[PDB]
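Peer 1: Here's my sequence, what's the structure:
(6 chains)
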Amino acid sequence: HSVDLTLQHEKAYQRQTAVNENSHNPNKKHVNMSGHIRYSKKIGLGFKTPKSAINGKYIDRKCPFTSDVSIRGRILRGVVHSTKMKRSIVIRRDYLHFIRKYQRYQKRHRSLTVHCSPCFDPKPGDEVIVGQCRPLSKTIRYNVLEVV
Amino acid sequence: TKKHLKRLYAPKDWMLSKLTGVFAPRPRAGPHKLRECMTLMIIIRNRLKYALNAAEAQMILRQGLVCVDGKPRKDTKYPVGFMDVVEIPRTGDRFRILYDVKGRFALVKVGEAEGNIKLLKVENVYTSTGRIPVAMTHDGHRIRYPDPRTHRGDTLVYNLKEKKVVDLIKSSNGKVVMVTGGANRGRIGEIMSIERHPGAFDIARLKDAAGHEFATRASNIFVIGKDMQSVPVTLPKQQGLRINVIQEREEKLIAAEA
Amino acid sequence: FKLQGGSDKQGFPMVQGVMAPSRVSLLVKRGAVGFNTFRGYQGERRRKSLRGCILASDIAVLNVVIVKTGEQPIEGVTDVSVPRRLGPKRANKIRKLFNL
Amino acid sequence: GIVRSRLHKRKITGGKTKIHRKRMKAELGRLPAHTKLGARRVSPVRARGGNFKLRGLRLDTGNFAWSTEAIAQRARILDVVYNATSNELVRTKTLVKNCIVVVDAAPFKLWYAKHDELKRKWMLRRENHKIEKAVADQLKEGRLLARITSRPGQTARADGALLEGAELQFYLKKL
RNA sequence: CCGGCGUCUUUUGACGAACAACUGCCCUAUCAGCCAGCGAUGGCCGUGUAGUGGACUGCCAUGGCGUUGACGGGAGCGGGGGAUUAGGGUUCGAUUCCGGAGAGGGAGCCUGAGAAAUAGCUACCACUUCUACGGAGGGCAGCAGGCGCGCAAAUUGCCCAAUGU
RNA sequence: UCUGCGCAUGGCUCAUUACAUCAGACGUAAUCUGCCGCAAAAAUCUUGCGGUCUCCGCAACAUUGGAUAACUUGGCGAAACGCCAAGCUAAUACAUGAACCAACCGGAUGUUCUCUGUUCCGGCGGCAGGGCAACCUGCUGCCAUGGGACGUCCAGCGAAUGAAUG
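Peer 2: Numbers count the residues shown, from 1 in each chain, chains lettered A, B, ... in the order given. I have put the structure below:
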């Protein structure tokens, strides 16, 4: 083999922790349709993996689909507000509230800063479903599961 | 770290007063939890009345005259939970504590055979060095485990002088159950359908004699036997039936005449 | 003779390790020679004041031990022998004594 | 007093939080270990379980492993060459996880001889096998490029791996 | 010959500890822009810690939040709950139980499974005690009891019998 | 007095303090955890006797080792929950250290010998002539499916790194 230049851009070398890429005469199968060796992970909670992730090119240590990040607790929805940054998208939510005295409703938003695997590329105004995670950054506490 | 318990932070099921000291005993870490159990000194004194006060209690206990599970227990405090057996030779009494209708602890009295018999649930199943399988329950490990291997949430039959394990019983439809926790405990029922919700609490649906069916979760369920003639252990005067508030009240009146 | 140290005119002890003819200030652990073991709790150390190794006129007393023994006897210490307070108690020791 | 918290930092809204509390031993940093080349020194500390850990200082000796041959054998770290965190660390000859360094090569060269009755085995093992040409030139010459995969400030040892085709070409082209 | 104690190492339960945040809460616009030199939002390899993380170093991007009230200021320990009341509500909660923080003001540290412990230690600032002037000390927002303050709040008692550690 | 355990709990007070605290509902597969419950543990050339060459022969229930307080002797200091020199002796303190008895399972190997090659075309060579040891020639041994015995080194719990299983 020889090395990419579109999966490499960094001073250090980009690789998956999980599996042996140095491989070699490959002892298998573990690998993805059929292709060089790769690690991919079937998370439960009734979600089913992307086709894309399994067969992918990409190197990510934060997605639950090719790394040891585990999705566990709360499960949320929302829509998309802004595609900025690198792998970090921004969710808006909207929901109501009730004041007992008036007996009328009221509108409120929150927002969250979540992780998006390079497997997906969802556009502003799309729905999404996400999952609970351990802290991956200062704000970031969720990671995408599934787009709509 | 907390070493003190108080009378207003202690359960209602022990039936201590607001008054008469502001402190209650904090039982140690042990076979059972702090939020359900009955500690030793609470049993002896406030129930069986062989102690009138604190000093009395330890003047029994510390001489090794009280034995849960065939092992004499010196300590003043030490918890005793659901499905244990307390044997105090000197009297000729034996107890098997249990829950009973109205959610509150109860005391049965058992003879020879069942003073050596117990039951244990299965919480988890895991593997240890040398590929030796292991189980874990409320009280303790114990090792391997055939009677024939199987699976979590199931219920065993354990003998205390030596292991003679009669069989075991499983969690499957048409079987029988007694309950813990959940403000639904002290009842008994069948097992209809068990709903499974992944990543989340698992919900059961039950039944009991002469209908009035109900529901609970699945970690509040503890199996008993295949059927209600197949039970290994004895049960209180009530068979785990709730009856209506009005019925109860009325009956208490009518019989009070004496 | 040899030297071992003693005290100042304030009763502050002399230390081997310190070099100066003068009083200084140092942290002193429980096991060390300026702070006693039974004073304070475990792990504890205190700031004390205590005198250097080098001698000067400020010494009030000094202690020493006979090494080489000369002519005239030093009275009541080389002319008096005092036996051990207590005998051995340990098995193996009692045997090693009598050589039995 | 070195702390690990978000208390001293700003909000996401650019505001500033006000404290009501001192600082704890629950939050706790300790000053970096810088682990160089030289005879083994160790500086043991104690953690919050009553479990020691070993701050390493100066490690000249190593343990390194082929992938694909499924072995590990010793060697002696000679020089540090490339580090991707800083060029600072290079020049000082300090050692951190995923640093690229140079090794003795000898024990590997040795062992690959063996890859009486033995005379049959040296055929059977050498069959169904080749060694990379990338790897070859290096291994011959008497020095190799290897990578330390241990963290040698909290175990007080360096351990590593060894570089075959993909990884190896990505490093060489820097140099 | 038999029994009761005691202790090193390993494994996992509950007695605990630490960390994370889905939803909610007074007044103020005569507070409208707030966040990056000194990390602000994110990315990559590391370092540190019991562990996760801009927690921190190096390097690279330009993001993050806000009229559905940011940022700033004023009042305030939070909750279970109390008073009043047909009903809708208004108002109070320092104080028995639960959670948090503190021990003259600040900081740093040791021991230990667990503490940034103050009837533990070290230093400085403010206050203060004893002295043969060479030095050595103190911390009641623990119980009694003083002094000052203010419209205003108790004995320098008796006892481990009960209830607990 | 040494040793082991506890004093981080209980008490008292609201000064600071609004993605701060807190309540309801969840999470730790991101972690530590003494006392308590229940359950495990097959590693290690040690000791005595006799001789001596350092190393052996002969036995088997380990007759282990070195210190320090209280106490005594001199004391110092105005005071101080301040302190010093010397002489005594303990351990569940502190420091060493246990063969055979005592098992199951796997690795790596010997120019070990004996079932054997039934087995040649190639390999490993071993020699001489030309030998520049390129090779050509002639001569010669063994191996080209294997297994039995004997010998040597390694093997436990826990921890680190790299492969493989899950």
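Peer 1: okay, stretch A:14-31 in PDB with CA atoms only?
Peer 2: Only the C-alpha atoms of stretch A:14-31 are listed here, as PDB (Å, rounded to 0.1, in the frame of the first residue of the first chain):
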ATOM      1  CA  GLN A  14      -4.400   9.300  11.100                       C
ATOM      2  CA  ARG A  15      -5.400   5.700  11.900                       C
ATOM      3  CA  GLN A  16      -8.000   3.600  13.800                       C
ATOM      4  CA  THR A  17      -6.900   2.500  17.200                       C
ATOM      5  CA  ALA A  18      -9.000  -0.700  17.100                       C
ATOM      6  CA  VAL A  19      -7.500  -2.900  14.400                       C
ATOM      7  CA  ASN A  20      -4.200  -3.900  12.800                       C
ATOM      8  CA  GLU A  21      -3.600  -1.900   9.600                       C
ATOM      9  CA  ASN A  22       0.000  -3.200   9.400                       C
ATOM     10  CA  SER A  23      -2.100  -6.000   8.700                       C
ATOM     11  CA  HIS A  24      -1.200  -7.700   6.500                       C
ATOM     12  CA  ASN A  25      -1.700 -11.000   4.700                       C
ATOM     13  CA  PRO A  26      -5.200 -10.500   6.000                       C
ATOM     14  CA  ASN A  27      -6.800 -12.800   8.400                       C
ATOM     15  CA  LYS A  28     -10.400 -12.300   8.000                       C
ATOM     16  CA  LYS A  29     -13.000 -11.500   7.100                       C
ATOM     17  CA  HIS A  30     -13.300  -8.300   9.000                       C
ATOM     18  CA  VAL A  31     -13.700  -6.000   6.200                       C
END
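Peer 1: what distance separates it from the middle of the whole chain?
Peer 2: Between the centre of stretch A:14-31 and the centre of its chain there are 22 Å (CA atoms, centre = their mean, to the nearest Å).
Peer 1: same deal with stretch A:128-140?
Peer 2: Worked out by CA atoms, centre = their mean, stretch A:128-140 lies 9 Å from the chain centre.
Peer 1: and that stretch, how far apart are its ends?
Peer 2: 16 Å (CA to CA, to the nearest Å).
Peer 1: Does chain B have contacts with that stretch?
Peer 2: No. Contact of stretch A:128-140 with chain B (CB under 8 Å from any CB of the partner chain) is absent, the minimum separation being 9.8 Å. All C-beta spots, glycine's among them, are computed from the backbone N, C-alpha and C.
Peer 1: would you list every one of the strands in chain D?
Peer 2: Secondary structure of chain D (DSSP state E): strands at D:41-46, D:52-57, D:61-66, D:71-76, D:80-82, D:99-103, D:144-148, D:160-162.
Peer 1: Adding mean neighbour count, write these out as a markdown table.
Peer 2: Listed next are the strands of chain D as a markdown table, based on neighbours: other CB atoms under 10 Å in any protein chain shown:
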| stretch | mean neighbour count |
| --- | --- |
| strand D:41-46 | 11 |
| strand D:52-57 | 17 |
| strand D:61-66 | 19 |
| strand D:71-76 | 16 |
| strand D:80-82 | 18 |
| strand D:99-103 | 22 |
| strand D:144-148 | 22 |
| strand D:160-162 | 22 |
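Peer 1: Switch those over to TSV; also include distance to chain A.
Peer 2: Output for the strands of chain D, formatted as TSV (distance: least, CB to the nearest CB, whole Å):
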stretch	distance to chain A
strand D:41-46	26
strand D:52-57	22
strand D:61-66	9
strand D:71-76	14
strand D:80-82	9
strand D:99-103	9
strand D:144-148	9
strand D:160-162	8
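Peer 1: The residue of chain A positioned farthest from its centre: what secondary structure?
Peer 2: Relative to the centre of chain A, and counting by CA atoms, centre = their mean, the farthest-placed residue is residue A:101 at 42.5 Å. Per DSSP: H, G, I helix; E, B strand; the rest coil, the secondary structure class of residue A:101 is coil.
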